[PDB]
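Everything on this sheet refers to the single structure shown next.
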Amino acid sequence: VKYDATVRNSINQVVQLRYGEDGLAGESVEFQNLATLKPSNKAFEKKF
Amino acid sequence: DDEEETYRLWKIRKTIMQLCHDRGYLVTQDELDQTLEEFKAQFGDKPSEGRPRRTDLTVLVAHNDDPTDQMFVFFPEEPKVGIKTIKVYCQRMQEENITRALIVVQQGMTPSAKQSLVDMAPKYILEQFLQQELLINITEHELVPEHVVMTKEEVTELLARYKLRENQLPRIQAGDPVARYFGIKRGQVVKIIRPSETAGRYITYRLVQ
Amino acid sequence: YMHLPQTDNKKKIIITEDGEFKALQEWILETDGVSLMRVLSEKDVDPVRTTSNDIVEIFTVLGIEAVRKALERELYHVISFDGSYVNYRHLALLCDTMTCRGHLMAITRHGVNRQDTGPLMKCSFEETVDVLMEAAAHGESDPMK
Amino acid sequence: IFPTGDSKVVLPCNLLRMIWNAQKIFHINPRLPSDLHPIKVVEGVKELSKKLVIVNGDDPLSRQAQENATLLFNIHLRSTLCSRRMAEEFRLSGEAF
Amino acid sequence: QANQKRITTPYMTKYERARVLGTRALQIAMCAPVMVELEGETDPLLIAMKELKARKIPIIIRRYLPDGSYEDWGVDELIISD
């Protein structure tokens with residue numbers, strides 16, 4: 001990763017615009033639940 | 001038989017209209033959405049010596065930005081398309097003073113005919129498509145993400161923004177089925193919008209070579 | 001082969017009128033060998049969700065981006081089969097960097113050495129004498145980066 | 001974006017644990033009513049989302065790139081920080097927010 | 001470049017953290033001036049930590065963008081991650 005936060009090869013070939021498509025390193029990521037995809041339309045409207 | 005040939009022609013025509021619309025052309029919505037019965041009633045019924053003759057299925061359509069490109073798809077009838085067919089196609093290509101045209105081969109095309117297409121198209125751009133290629137619209141496949149062709153000024157804006165060079169960008173083969181489907185000359189850049197399970201959406205740039 | 005799937009990966013999933021996902025079982029067909037193009041062309045075959053395990057076939061049919069997505073999915077499948085999990089970042093990097101050059105990069109002497117990368121790093125990994133012979137013959141210059 | 005109903009996804013900050021930490025650090029009593037204007041939450045989350053930048057810039061292309069990069073975190077954040085959810089489930093106070 | 005247009009992450013990261021701490025510790029180990037008052041410390045590393053916490057590093061970091069242009073940052077405008 002160069003300091004433009006663009007992953008690049010040895011000869012400066014852009015492999016990824018941002019690391020992992022988001023620019024977030026792997027040591028500070030956790031598992032979470034979206035809690036919005038699964039609930040139905042009625043439940044979604046009731047809860048939001 | 002006649003029914004299977006009708007189904008194949010219907011799918012080919014629908015995919016051709018889809019390709020024209022994606023490339024950007026004056027394709028009417030009704031023309032894009034044609035049912036099998038509509039195809040039967042509109043360009044004749046049974047093929048194989050019926051009204052469908054593989055010559056009246058040619059399509060003329062103009063470009064959105066300027067109605068002068070007038071891309072014009074062909075439909076050769078022979079199983080193999082032999083130089084004299086390309087010659088008469090070129091006569092018609094010049095006579096109707098258009099620039100872009102496509103060819104839908106049934107089975108295959110000769111090495112000499114490929115040679116003629118590639119060398120004899122600095123002014124008359126022509127493209128190849130095998131018949132089975134058009135039975136499925138590759139864009140609608142789940143794996144293939146959405147593709148968008150980038151204009152030159154947008155490419156310059158991108159290069160200025162990221163301070164890259166043309167060589168440094170990722171590359172995509174000119175013979176890739178998607179590139180052929182979009183009909184894009186070397187040196188252009190295609191924007192790719194794919195889904196990702198870590199960012200929600202990713203913009204990726206491929207430079208055809 | 002004919003069999004109703006049980007794992008939700010291959011099961012039909014759609015949005016209901018109520019908005020809730022419903023696990024719908026639909027027949028699926030798994031075939032030995034690959035004829036992906038004609039299989040898609042065939043009647044009553046979904047052109048959307050059909051896929052394959054072969055890489056060169058899907059490359060020649062769909063395109064390089066399809067190679068990216070399918071290869072990422074398949075690598076995730078093979079790594080995750082035994083229950084061990086790995087982050088998406090590394091799989092994404094590997095699949096991109098194989099697909100960054102517009103053709104199927106094989107991670108072998110036959111793929112790595114055929115890049116514009118410098119001769120020194122090429123010789124460190126296999127063909128370790130032929131690379132320098134080629135560089136000397138062509139007078140290739142290494143940027144040292 | 002997400003077929004198959006795979007609600008498990010990897011994001012940087014564990015929002016639920018953060019809210020729980022706020023609750024049990026400021027001794028917020030869920031029974032009593034809170035003092036947290038929903039608009040305060042609205043512009044709070046909006047201003048936060050503005051201050052999280054992956055693609056730093058102001059031109060339209062950079063802005064679109066930043067939106068695409070931070071879409072999943074922003075959408076999860078808005079889902080977890082919704083006005084009704086904060087009012088009912090979490091019951092945080094202004095300093096807690 | 002000038003003071004304006006300065007675009008880069010203002011978070012002085014762990015790599016430059018390690019480099020600056022090491023170099024400043026080496027400099028003090030070679031009898032270099034101390035930037036902050038010290039109360040009975042002798043290890044170069046510990047005093048380097050304390051004076052970094054005091055935010056008085058006499059070093060400016062030069063950052064190489066991929067294009068080639070540099071971008072200089074002083075330590076005292078940078079805010080510590082901790």
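Here, A, B, ... name the chains of the structure tokens in the order displayed, residue numbers run from 1 inside each chain, and ligands are numbered from 1 in the same displayed order.
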
Residues of chain D that have any atom at most 12 Å from an atom of chain E: could you tabulate them with the shortest-distance atom pair and the distance in Å to one decimal, using only C-alpha atoms, ordered by chain and increasing number, as JSON lines?
{"residue": "D:52", "atom": "CA", "partner": "E:9", "partner_atom": "CA", "distance": 11.5}
{"residue": "D:53", "atom": "CA", "partner": "E:9", "partner_atom": "CA", "distance": 9.5}
{"residue": "D:54", "atom": "CA", "partner": "E:9", "partner_atom": "CA", "distance": 9.3}
{"residue": "D:55", "atom": "CA", "partner": "E:8", "partner_atom": "CA", "distance": 10.1}
{"residue": "D:56", "atom": "CA", "partner": "E:7", "partner_atom": "CA", "distance": 7.5}
{"residue": "D:57", "atom": "CA", "partner": "E:7", "partner_atom": "CA", "distance": 8.1}
{"residue": "D:58", "atom": "CA", "partner": "E:7", "partner_atom": "CA", "distance": 11.0}

Per residue of chain C within 10 Å of chain B, what are the shortest atom pair and its distance in Å to one decimal, counting only C-alpha atoms, with rows by chain and residue number, as JSON lines?
{"residue": "C:37", "atom": "CA", "partner": "B:132", "partner_atom": "CA", "distance": 7.9}
{"residue": "C:38", "atom": "CA", "partner": "B:132", "partner_atom": "CA", "distance": 7.7}
{"residue": "C:40", "atom": "CA", "partner": "B:136", "partner_atom": "CA", "distance": 7.1}
{"residue": "C:41", "atom": "CA", "partner": "B:135", "partner_atom": "CA", "distance": 5.7}
{"residue": "C:42", "atom": "CA", "partner": "B:135", "partner_atom": "CA", "distance": 8.8}
{"residue": "C:43", "atom": "CA", "partner": "B:7", "partner_atom": "CA", "distance": 9.2}
{"residue": "C:46", "atom": "CA", "partner": "B:141", "partner_atom": "CA", "distance": 9.3}
{"residue": "C:47", "atom": "CA", "partner": "B:141", "partner_atom": "CA", "distance": 6.2}
{"residue": "C:48", "atom": "CA", "partner": "B:141", "partner_atom": "CA", "distance": 4.4}
{"residue": "C:49", "atom": "CA", "partner": "B:142", "partner_atom": "CA", "distance": 5.8}
{"residue": "C:50", "atom": "CA", "partner": "B:141", "partner_atom": "CA", "distance": 8.1}
{"residue": "C:51", "atom": "CA", "partner": "B:143", "partner_atom": "CA", "distance": 8.1}
{"residue": "C:58", "atom": "CA", "partner": "B:143", "partner_atom": "CA", "distance": 9.9}
{"residue": "C:59", "atom": "CA", "partner": "B:176", "partner_atom": "CA", "distance": 8.3}
{"residue": "C:60", "atom": "CA", "partner": "B:177", "partner_atom": "CA", "distance": 7.2}
{"residue": "C:61", "atom": "CA", "partner": "B:177", "partner_atom": "CA", "distance": 6.7}
{"residue": "C:62", "atom": "CA", "partner": "B:177", "partner_atom": "CA", "distance": 6.0}
{"residue": "C:63", "atom": "CA", "partner": "B:177", "partner_atom": "CA", "distance": 5.5}
{"residue": "C:64", "atom": "CA", "partner": "B:176", "partner_atom": "CA", "distance": 6.9}
{"residue": "C:65", "atom": "CA", "partner": "B:144", "partner_atom": "CA", "distance": 6.0}
{"residue": "C:66", "atom": "CA", "partner": "B:144", "partner_atom": "CA", "distance": 4.9}
{"residue": "C:67", "atom": "CA", "partner": "B:143", "partner_atom": "CA", "distance": 8.3}
{"residue": "C:68", "atom": "CA", "partner": "B:143", "partner_atom": "CA", "distance": 8.7}
{"residue": "C:69", "atom": "CA", "partner": "B:143", "partner_atom": "CA", "distance": 6.0}
{"residue": "C:70", "atom": "CA", "partner": "B:143", "partner_atom": "CA", "distance": 6.6}
{"residue": "C:73", "atom": "CA", "partner": "B:143", "partner_atom": "CA", "distance": 9.8}
{"residue": "C:87", "atom": "CA", "partner": "B:198", "partner_atom": "CA", "distance": 9.9}
{"residue": "C:88", "atom": "CA", "partner": "B:198", "partner_atom": "CA", "distance": 7.6}
{"residue": "C:89", "atom": "CA", "partner": "B:198", "partner_atom": "CA", "distance": 8.3}
{"residue": "C:92", "atom": "CA", "partner": "B:196", "partner_atom": "CA", "distance": 9.6}
{"residue": "C:96", "atom": "CA", "partner": "B:170", "partner_atom": "CA", "distance": 9.5}
{"residue": "C:97", "atom": "CA", "partner": "B:170", "partner_atom": "CA", "distance": 9.4}
{"residue": "C:99", "atom": "CA", "partner": "B:170", "partner_atom": "CA", "distance": 8.6}
{"residue": "C:100", "atom": "CA", "partner": "B:170", "partner_atom": "CA", "distance": 5.2}
{"residue": "C:101", "atom": "CA", "partner": "B:171", "partner_atom": "CA", "distance": 5.2}
{"residue": "C:102", "atom": "CA", "partner": "B:172", "partner_atom": "CA", "distance": 3.9}
{"residue": "C:103", "atom": "CA", "partner": "B:173", "partner_atom": "CA", "distance": 6.7}

For atom CA of residue E:26 and atom CA of residue E:41, determine how far apart the two atoms are, in Å to one decimal place.
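If I compute the distance from atom CA of residue E:26 to atom CA of residue E:41, I get 15.3 Å.
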
As a PyMOL selection string, which residues of stretch 50-81 of chain B does DSSP assign to strand (DSSP E)?
chain B and resi 59-61+71-73+80-81

Can you list every residue of chain E that has an atom at most 12 Å from chain A, with its nearest atom pair and the distance in Å to one decimal, using only C-alpha atoms, ordered by chain then number, as CSV?
residue,atom,partner,partner_atom,distance
E:7,CA,A:4,CA,9.5
E:8,CA,A:4,CA,7.6
E:9,CA,A:3,CA,8.6
E:10,CA,A:3,CA,11.6
E:11,CA,A:3,CA,12.0
E:12,CA,A:3,CA,11.9
E:13,CA,A:3,CA,11.1
E:62,CA,A:3,CA,11.5
E:63,CA,A:3,CA,7.7
E:64,CA,A:3,CA,7.2
E:65,CA,A:3,CA,5.7
E:66,CA,A:2,CA,6.3
E:67,CA,A:12,CA,9.2
E:68,CA,A:3,CA,11.1
E:69,CA,A:3,CA,11.4
E:70,CA,A:3,CA,10.6
E:71,CA,A:3,CA,10.4

For chain A, work out the contacting residues on chain D at 6 Å, counting only C-alpha atoms, and write them as a ChimeraX atom specification.
/D:7-12,69,76,84

Specify as a ChimeraX atom specification all residues of chain C found within 12 Å of chain A, counting only C-alpha atoms.
/C:14-22,85-102,115-122,142-145

Given a cut-off of 7 Å, which residues of chain C touch chain D, counting only C-alpha atoms, written out as a ChimeraX atom specification?
/C:8-9,13,21

Can you spit out the residues from that selection as a short mmCIF file (atom, residue, chain, number, x, y, z; two decimals), in the first residue's frame, using N, CA, C and O atoms?
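Output contents, as saved in result.cif:
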data_model
loop_
_atom_site.label_atom_id
_atom_site.label_comp_id
_atom_site.auth_asym_id
_atom_site.auth_seq_id
_atom_site.Cartn_x
_atom_site.Cartn_y
_atom_site.Cartn_z
N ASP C 8 -28.24 -23.69 2.26
CA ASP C 8 -28.87 -22.49 1.74
C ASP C 8 -28.08 -21.84 0.61
O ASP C 8 -28.62 -20.97 -0.08
N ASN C 9 -26.82 -22.23 0.40
CA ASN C 9 -26.02 -21.62 -0.66
C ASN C 9 -26.62 -21.88 -2.03
O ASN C 9 -26.72 -20.96 -2.86
N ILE C 13 -33.49 -18.46 -3.19
CA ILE C 13 -33.79 -17.41 -2.22
C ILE C 13 -34.32 -16.21 -2.98
O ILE C 13 -33.68 -15.74 -3.93
N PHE C 21 -37.24 -13.07 3.51
CA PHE C 21 -36.64 -14.14 2.73
C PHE C 21 -37.27 -15.48 3.10
O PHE C 21 -37.52 -15.76 4.28
#

Pick out the chain B residues within 12 Å of chain E. Count only C-alpha atoms. Give them as a PDB file with N, CA and C atoms, in the first residue's frame.
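So result.pdb came out as:
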ATOM      1  N   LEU B 159      -7.391  10.220 -14.572  1.00  0.00           N
ATOM      2  CA  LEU B 159      -5.934  10.220 -14.504  1.00  0.00           C
ATOM      3  C   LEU B 159      -5.426  11.410 -13.705  1.00  0.00           C
ATOM      4  N   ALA B 160      -6.027  12.584 -13.908  1.00  0.00           N
ATOM      5  CA  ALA B 160      -5.638  13.751 -13.125  1.00  0.00           C
ATOM      6  C   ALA B 160      -5.939  13.544 -11.647  1.00  0.00           C
ATOM      7  N   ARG B 161      -7.092  12.950 -11.335  1.00  0.00           N
ATOM      8  CA  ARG B 161      -7.472  12.756  -9.940  1.00  0.00           C
ATOM      9  C   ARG B 161      -6.495  11.831  -9.229  1.00  0.00           C
ATOM     10  N   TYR B 162      -6.243  10.652  -9.798  1.00  0.00           N
ATOM     11  CA  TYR B 162      -5.374   9.682  -9.145  1.00  0.00           C
ATOM     12  C   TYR B 162      -3.904   9.843  -9.514  1.00  0.00           C
ATOM     13  N   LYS B 163      -3.576  10.740 -10.444  1.00  0.00           N
ATOM     14  CA  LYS B 163      -2.187  11.025 -10.810  1.00  0.00           C
ATOM     15  C   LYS B 163      -1.462   9.765 -11.279  1.00  0.00           C
ATOM     16  N   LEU B 164      -2.163   8.927 -12.035  1.00  0.00           N
ATOM     17  CA  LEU B 164      -1.597   7.716 -12.603  1.00  0.00           C
ATOM     18  C   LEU B 164      -1.155   7.975 -14.040  1.00  0.00           C
ATOM     19  N   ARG B 165      -0.808   6.899 -14.741  1.00  0.00           N
ATOM     20  CA  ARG B 165      -0.600   6.906 -16.178  1.00  0.00           C
ATOM     21  C   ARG B 165      -1.452   5.799 -16.782  1.00  0.00           C
ATOM     22  N   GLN B 168      -0.311   2.228 -16.103  1.00  0.00           N
ATOM     23  CA  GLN B 168      -0.390   1.752 -14.726  1.00  0.00           C
ATOM     24  C   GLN B 168      -1.736   1.122 -14.391  1.00  0.00           C
TER      25      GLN B 168
END

Quick one: pick out all helix (DSSP H, G or I) residues within chain C from a backbone DSSP run and write them as number ranges by chain.
C: 36-41, 55-61, 64-80, 88-99, 109-112, 119-124, 130-138

Report, in Å with one decimal, the straight-line distance from atom CA of residue C:33 to atom CA of residue C:4.
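Atom CA of residue C:33 sits 20.3 Å away from atom CA of residue C:4.
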